[PDB]
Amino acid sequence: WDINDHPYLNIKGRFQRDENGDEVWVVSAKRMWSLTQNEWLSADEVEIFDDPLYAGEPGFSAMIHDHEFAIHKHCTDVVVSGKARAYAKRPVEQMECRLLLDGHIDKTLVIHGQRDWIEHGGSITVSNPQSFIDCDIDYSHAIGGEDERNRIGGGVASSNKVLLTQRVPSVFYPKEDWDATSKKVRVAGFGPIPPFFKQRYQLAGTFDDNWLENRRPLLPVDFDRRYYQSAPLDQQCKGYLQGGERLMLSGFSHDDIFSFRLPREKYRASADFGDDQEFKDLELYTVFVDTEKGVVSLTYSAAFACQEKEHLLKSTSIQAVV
């Protein structure tokens, strides 16, 4: 059952550099389940992503998905790409979207209809929401703007003039809405956290003059491997998912809730660096729910440190654990 060329997993490996500049062989294995077709897609139809994908300019637009070769994650990320879709296609002015993963995640966000700014003697507020059937809910609709928490959002500006060129944010946690005091309103969404969000790039450490002169080429001393997690913090699981957990999403389909139960198969990888055979358990690093396509992607990963014997890598095989 030791399969280099696996019959249902798509498997890909990339070398990465760790925070000391040392090479790491990262093996990622991926499965996709069609919620519509109720079947696993064949490995040929499964793509493991070498690079992040952005909606617009990289670094200035919502991140659709991150790359899949993190050297380490301490828990499973769960991320959603989809739209708010009102029940039965009845127009509404606001609705709730909920991500439920038993034991790990229970998250509701409130989605508002589109709104306009209302100016009044140098004071600005928001109009009533417009009715909608479906809408986008990515971080360009979250609080942000002139704000390192989310520089692609709206509602945070240094002047009324700038504020009026921004989109009124529409995605919030329950009991929160836009207020002029921006830091009291959380950035909200279900999608992956772009590295240019302060909550993430802060974890990469301080690239200051001290670093430039005395630490480089190493990463900064305050680099934190949590930087590799791409889910929102309340969508990071309690450790790694083990199989059998139930996932439920409501508000992303007009007609029904999405429901998915994780497979129980677990995997072990083996990498051959010459005469040295190495074994590491894969863990589930990412659960990516695309409700527009009706697919759930599952990416498993393991990382083999190989600064000693880079060129000596012969083979990598993955076998299911019985």
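Each residue number is its position in the shown sequence, starting from 1.
With 275 to 283 and 43 to 51 compared on mean CA B-factor from the PDB entry, the stretch scoring higher is 275 to 283. Per-stretch averaging of Cα B factors for 296 to 304 and 14 to 22 places 14 to 22 on top. Sorting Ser61, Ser28, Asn38, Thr291 by the CA temperature factor given in the entry leaves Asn38 at the top. Highest C-alpha temperature factor among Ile71, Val126, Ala204, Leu247 per the entry: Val126. Placement of the Cα temperature factor of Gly121 within the chain: highest third of the modelled residues, per the deposited record.
Residue-level temperature factors show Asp222 in the middle third of its chain, judged at the C-alpha atom.
Sort the modelled residues of the chain by CA B factor and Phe252 lands in the lowest third. Per the deposited record, the Cα B-factor of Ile111 falls in the lowest third when ranked against the other modelled residues of its chain.
For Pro91, the recorded CA B-factor ranks within the highest third of the chain. Only modelled residues enter the ranking.
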